[PDB]
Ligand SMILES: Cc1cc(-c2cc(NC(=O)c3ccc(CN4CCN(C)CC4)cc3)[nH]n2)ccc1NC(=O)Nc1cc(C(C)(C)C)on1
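Before any questions on binding or motion, here is one chain by itself as structure tokens, the form solved without this ligand.
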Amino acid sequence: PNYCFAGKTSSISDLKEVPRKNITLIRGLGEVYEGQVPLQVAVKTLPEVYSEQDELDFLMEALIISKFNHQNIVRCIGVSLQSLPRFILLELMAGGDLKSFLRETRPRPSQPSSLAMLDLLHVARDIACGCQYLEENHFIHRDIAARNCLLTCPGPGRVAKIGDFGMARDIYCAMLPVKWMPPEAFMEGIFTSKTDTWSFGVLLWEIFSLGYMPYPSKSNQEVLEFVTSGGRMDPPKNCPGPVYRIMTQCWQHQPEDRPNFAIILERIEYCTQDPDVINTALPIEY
């Protein structure tokens, strides 16, 4: 079971084994636990009842994450494979997943100053930086989506990071994330760096809608036919035009017409600079 990244080949033997004795589970978060090794960690467990194939997949995602080195990709602290159940130790992300965060932290009468446009643009920039790192190292994520991004904390200093690599791990139907996929992925099973660009546009829509499911009211098959025919999502409520434009550029039908992440980053930067953009009020959910 070998994995190749950035020029180097690796095996599970390369994974940093942490003695099971040094690991204490604190509480459940989702299975995933808050743990201590005193370094605080997230502990991903492999159910003992699963297959030898699931165990192989489990270990492969460990290897994949451990070989990344970037601030916007969750760190792997190590593993505990000498005991059952098997543990993967990850950077603890106290802010939780991004979709849940957006939904739970939406501006409302309780506190209309929960989030502002700049907060959303910073999350977008954070994930775009992670995606650019994957792009420049020729890694295709295949499932860029709010559910797979994590926050270091709920508060204003939060940093967003790509936290799940299960789809890339498998690749290395009713469950396929069709709503995040470009046509050539849909129809031909073709994946490139521009695959992730399309998904990032959908992620941007998720962010600026404050956590709505993409293509609201549409089923997967309806979305497939919609997108193939040239259909695209409308802007999220109150979304500034410059931000919607990034989305529509990401969703160009031809992959060669979609921006790479370096371009996406510079466009996100330009948005953060425009006072008209960042002074735009987010909708208050009543």
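Residue indices: 1-based, along the sequence shown.
Another form exists, solved in complex with this ligand; not displayed. Remarks below refer to it.
Classification of the binding site as blocked follows from the superposed pose of this ligand in the entry with it bound: three or more of its atoms fall inside 2.4 Å of backbone or C-beta atoms here. Listed residues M117, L210, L92, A185 were compared with this ligand in the entry with it bound; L92 is the one with a heavy atom within 4.5 Å. Scanning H141, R106, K179, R86 against this ligand in the entry with it bound with a 4.5 Å heavy atom cut-off leaves one residue, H141. For the three residues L29, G96 and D164, a heavy atom within 4.5 Å of this ligand turns up in the entry with it bound in every case. In the entry with it bound, at least one heavy atom of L150 sits within 4.5 Å of a heavy atom of this ligand. Proximity of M233 to this ligand in the entry with it bound falls outside the 4.5 Å heavy atom cutoff. Of the heavy atoms in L81, none are within 4.5 Å of this ligand in the entry with it bound. Proximity of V74 to this ligand in the entry with it bound: non-hydrogen atoms within 4.5 Å are present.
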